């Protein structure tokens, strides 16, 4: 039902429930100075009504920050009872971000 788009060719397909779960947690973990990164990434959803967000336009620094923000959200979620049901998709997302050519 949606995805996290990393770059044009690299995506993490998700269900609607996974999409909502992820964007909400990741969204809470941005630093004040990095809010513009969130706005850029969340644009397809917030501006366009789409069930995806996208890091395709970020430079190496922006994406590095996004990945750090994702890992913070993942940590903050470990506490939650639901966590094992979502762990595989956190792992998919962190992995594809790590593998992104900009982080090479």
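Positions refer to the first chain, counted from 1.
Q: Between 78 to 86 and 8 to 16, which has the higher average C-alpha B-factor in the PDB entry?
A: So the stretch with the higher mean C-alpha B-factor is 78 to 86.
Q: Could you settle it for me: does 68 to 76 or 49 to 57 have the higher average Cα B factor in the PDB entry?
A: Averaging CA B-factors over each stretch, the winner is 68 to 76.
Q: Sorting by Cα B-factor within the chain, modelled residues only, which third would residue 63 end up in: lowest, middle or highest?
A: According to the entry, residue 63 has a C-alpha B-factor in the chain's lowest third.
Q: Lowest, middle or highest third: which one holds residue 43 when the chain's residues are ordered by CA B-factor from the entry?
A: Ranked within chain, residue 43 CA B lands in the lowest tercile.
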